[PDB]
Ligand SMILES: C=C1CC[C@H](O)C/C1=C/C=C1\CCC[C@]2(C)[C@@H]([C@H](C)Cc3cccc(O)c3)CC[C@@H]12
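The form deposited without this ligand is given below as one chain in structure tokens.
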């Protein structure tokens, strides 16, 4: 494969020649920006100019072979110097993008003034914010976006040009931001939890479906993420993702009205954004689901057993996936310990009942934290919260009470939804759970 020993050098040199200096630079800016999400536009540009410096010089026929490995190790050298011109590092997923595309007038204003400056700022700020998407997509989207801005900002009819271009960009734009989002989720959880999460969400979106209806979908999307997210293939995600919605609709098209509507959208990405944003449904009211039996827990090839538990529980529990995901994972791993240590029916008698209440408690507290959030508008949610809080802390002052409404409201706006951010809410659900 990459056994090259010079693979890197011959890889970049090949790229340098095929793309030309300008495009190689643009490729590097995007590449290094997704690598250093917290990197400044000044730090990243320095690293890029350095990288393109040694690449042009050391890829030239005549250049001594000696170099590339030289200025490359020399390049990493400057990385240790204090206040180094390059991006700092202790690559984590960005759960809160701050990129905000300016108005068509602001875009064109900035583009007339200085095109290059504009293009680099756009590639850096965009890449650093949605760097979790495949490199080939970022480079592709980025280039297609600038092309649009270049022709619409000089058009006789800027507005109609933009609508037209934006509609044609739609596919790639979604493919890019969606893949960045779901890949960030996959990176935060890891293949194991990611699959659990996708099953939970699917369960909450189609409560009335069969396990065999959604389990396949949860496995597929996980497979795609595992394979495509950090893949070199220029078409892993581009090809896999839309193929996934076809299966998704083939299975769920007729299971409920929301999925039917979503499956009526025109294109594959139109359907994916629809199902991705779909909220947790009105779950059925059902008898608690008991924790898996000792035989189920220890038996070989018991995945199906654990999956059915997760599904059966998730479709009847009114709690956000971020909550359910952080509890089911440990609960099961704990119950799992009993199978190892000698004497099964014994440890499962001590740890078993302990885990039940611990899980039951955790859910009731979660359902308390997410009070009336799903049932109402934010505005109305805050009113109710203020009321139930005035009834629980009568001796509290209007200010303390006001401070509490905000903190809990803020927390809920972030962690009481089906697509609430994994990393952020995990440490946040803990700091908020101990407040009971």
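Residue numbers count along the first chain shown, from 1. The term rigid core refers to the most C-alpha atoms you can superpose between the two forms while keeping them within 1.5 Å.
Residues without coordinates, deposited sequence, stretch from residue 300 to residue 301: is the count none, 1 to 3, 4 to 9, or 10 or more? Unresolved stretch here: none.
Give the stretch, out of 81-89 and 321-329, with the larger mean C-alpha temperature factor in the deposited entry. That would be 81-89.
Notebook entry, point to check: Mean C-alpha B-factor higher for 165-173, or for 247-255?
Noted result: Of 247-255 and 165-173, the stretch with the higher C-alpha B-factor average is 247-255.
- prompt: In the PDB entry, which of 72, 155, 121, 128 has its C-alpha at the highest B-factor?
  reply: By C-alpha B-factor in the record, 72 ranks first.
Reading the B-factor column of the entry, which of 115, 102, 97, 336 has the highest value at its C-alpha atom? Of the options given, 336 has the highest CA B-factor in the PDB entry.
* Split the chain's modelled residues into thirds by Cα B-factor; is residue 68 in the lowest, middle or highest one? -> According to the entry, residue 68 has a C-alpha B-factor in the chain's highest third.
### Message
Can you tell me whether residue 425 has a C-alpha B-factor in the lowest, middle or highest third compared with the other modelled residues of the same chain?
### Response
Answer is highest: the recorded C-alpha B-factor places it there.
Divide the modelled residues of the chain into thirds by Cα B-factor and specify which third, lowest, middle or highest, holds residue 19.
Residue 19: CA B-factor falls in the highest third of its chain.
inquiry  = Please say which third, lowest, middle or highest, residue 53 falls into when its CA temperature factor is compared across its chain.
reply    = Its C-alpha B-factor, which the entry lists for residue 53, ranks in the highest third among residues of this chain.
Could you place residue 351 in the lowest, middle or highest third of its chain by Cα temperature factor, using the values in the record? Residue 351: CA B-factor falls in the highest third of its chain.
Here the subject shifts to the form solved in complex with this ligand, a form of this protein not shown in this document.
Notebook entry, point to check: residue 418 near this ligand in the deposited complex, any heavy atom under 4.5 Å?
Noted result: It does not: once this ligand is placed as it appears in the deposited complex, residue 418 has no heavy atom within 4.5 Å of it.
Worksheet entry | Contact flag, residue 163 vs this ligand in the deposited complex, heavy atom cut 4.5 Å | Residue-level check for residue 163: no, no contact with this ligand.
- Query: So in the deposited complex, does residue 36 come within 4.5 Å of this ligand, heavy atom to heavy atom?
  - Reply: Output for residue 36 is yes: heavy atoms within 4.5 Å of this ligand.
At 4.5 Å between heavy atoms, is residue 428 in contact with this ligand in the deposited complex?
Heavy-atom contact with this ligand at 4.5 Å: absent for residue 428.
ask   = Any chance all of 99, 108 and 151 sit within 4.5 Å of this ligand in the deposited complex, going by non-hydrogen atoms?
value = None of them does, since no heavy atom lies within 4.5 Å of the partner.
Practice task
Could you tell me which one of 254, 208, 349, 76 places a heavy atom within 4.5 Å of this ligand in the deposited complex?
Solution key: Selected residue: 76.
*Considering this ligand in the deposited complex, which of 58, 31, 389, 371 comes within 4.5 Å of it through any heavy atom?*
Going through each option in turn, the one that passes is 31.
Residues in which of 169-177, 276-284, 211-219, 76-84 have heavy atoms within 4.5 Å of this ligand in the deposited complex? Contact-bearing stretch, as computed: 76-84.
message: Taking only shifts of 2 Å or more in Cα after a rigid core superposition between the shown form and the other one, tell me which of 155, 264, 223, 208 qualifies.
response: Meeting the 2 Å or more criterion is only 155.
Using a rigid core alignment, state whether the CA of residue 330 is displaced by 2 Å or more between the shown form and the other one.
No, residue 330 moves less than 2 Å.
- prompt: So with the core overlaid, does the Cα of residue 129 end up 2 Å or more away between the shown form and the other one?
  reply: Where the cores coincide, residue 129 shows only a C-alpha shift between the shown form and the other one that is less than 2 Å.
With both forms fitted on the core, check whether the Cα of residue 102 differs by 2 Å or more between the shown form and the other one. It does, since the residue 102 C-alpha is displaced 2 Å or more between the shown form and the other one after the core fit.
Quiz item: Which is it in the deposited complex for the CA atoms of residue 224 and residue 302, closer or farther than here, knowing they shift by 3 Å or more?
Solution: Closer together, which means the C-alphas of residue 224 and residue 302 are at least 3 Å nearer in the deposited complex.
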